[PDB]
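Both ligands and their constituent atoms are indexed starting at 1 by order of listing. Any value given below was found using the heavy atoms of this structure, including those in side chains, with hydrogens, waters and symmetry copies removed. For the single chain, residues carry numbers from 1 onward in sequence order.
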Amino acid sequence: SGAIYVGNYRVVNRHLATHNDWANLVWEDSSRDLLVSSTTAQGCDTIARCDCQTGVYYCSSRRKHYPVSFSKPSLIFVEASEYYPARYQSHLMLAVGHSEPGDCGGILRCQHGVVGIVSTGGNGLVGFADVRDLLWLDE
Ligand SMILES: C[C@H](C(=O)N1CCC[C@H](C(N)=O)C1)c1nc(F)ccc1Cl
Ligand SMILES: [Zn+2]
């Protein structure tokens, strides 16, 4: 679990969005596993606007942060799950690091701010949904 709180927006994994997220829907994209809902309170976070390919992510299944080198956002094949059929997920970045399904929502940050959230993984890999191209989150 986990979310990004920036301005009057809450960014979560689309497959983990609540009834309240959908009732306050701003934007969603199944191909990216992202959903953004509106909030009444002002949020705590800064979005990175950069091309970093290194950063640190929070891994809830270890209660620890880990440094990562990650690929640039791209279209990656993701196997069918209970949430989606087998499909290409866009704007996904992969790295070597531990992850389990419940780690989705953990933030990836570089020195400039929030880069994305955990969205996929397995076998010593962790995948992050990029949010750096969503300029409207703070504009
Ligand atoms: C199976 C799961 C996963 O990647 N997804 C399920 C939930 C929906 C995901 C998606 N973005 O489409 C795909 C997973 N397995 C691991 F071994 C480690 C982490 C994770 Cl998240
Ligand atoms: Zn950066």
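Ring centers of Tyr9 and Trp27: at least 6.0 Å apart, outside the cut-off.
In this structure, atom 20 (C) of ligand 1 lies nearest to the protein heavy atom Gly121 N, 3.4 Å. Atom 6 (C) of ligand 1 has as its closest protein heavy atom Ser81 CB, 4.0 Å. Scanning all protein heavy atoms for the shortest distance to atom 2 (C) of ligand 1 gives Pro101 CG, 4.1 Å. For atom 12 (O) of ligand 1, the closest heavy atom belonging to the protein is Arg87 NH1, 3.0 Å.
Listed by number with element, the atoms of ligand 1 under 4.0 angstrom from any heavy atom of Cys104 are 21 (Cl). Heavy-atom contacts of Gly122 reach the following atoms of ligand 1: 16 (C), 17 (F), 18 (C) (cutoff under 4.0 Å). When each atom of ligand 1 is checked for a heavy atom of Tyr84 under 4.0 Å away, the hits are 12 (O).
Of the angles at the Zn ion (ligand 2), the one spanning SG of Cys110 and ND1 of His112 is 110° when given to 10°. Rounded to the nearest 10 degrees, the angle SG (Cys52) to the Zn ion (ligand 2) to SG (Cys50) equals 110°.
Here the CG atom belonging to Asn8 is positioned 4.5 Å from the OG1 atom belonging to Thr39, to the nearest 0.5 angstrom. The distance from atom CG of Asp130 to atom CG of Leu92, rounded to the nearest 0.5 Å, is 9.5 Å. Distance CZ/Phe128 to CD1/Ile117: 11.0 Å, rounded to 0.5 Å.
Judged by distance alone, with hydrogens and angles left aside, the side-chain atoms of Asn13 form a donor-acceptor pair with the main-chain N or O of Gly105 at under 3.5 Å. Side chain of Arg132 to backbone of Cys50: a donor-acceptor contact under 3.5 angstrom is found.
Counting heavy atoms under 4.0 Å from ligand 1, residue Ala129 does not touch it at all. Residue contacts with ligand 1, taken as heavy atom pairs separated by less than 4.0 Å, involve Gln89 solely via side-chain atoms from C-beta onward. When heavy-atom distances to ligand 1 are checked against a 4.0 Å cut-off, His15 comes that close only through its side chain, counted from C-beta outward. The proximity of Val78 to ligand 1, defined as any non-hydrogen pair under 4.0 Å, is limited to the side chain. Contacts between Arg32 and ligand 1, counted as non-hydrogen atom pairs separated by less than 4.0 Å, are absent for every part of the residue.
Taking every heavy atom of both residues into account, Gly2 and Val12 meet most closely at O-CG1, 4.2 Å.
Of the candidates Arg14, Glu28, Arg10, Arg10 is the only one forming a side-chain contact (heavy atoms from CB on, under 4.5 Å) with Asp21.
Residue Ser119 places at least one N or O, backbone or side chain, under 3.5 Å from an N or O of ligand 1.
Looking at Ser119 and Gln89, their side chains do bring a donor and an acceptor atom within 3.5 Å of each other.
Salt bridge annotation for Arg87-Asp33: absent, with no cationic side-chain nitrogen under 4.0 angstrom from a carboxylate oxygen.
Under the 4.0 angstrom criterion for non-hydrogen atoms, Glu79 is not in contact with ligand 1.
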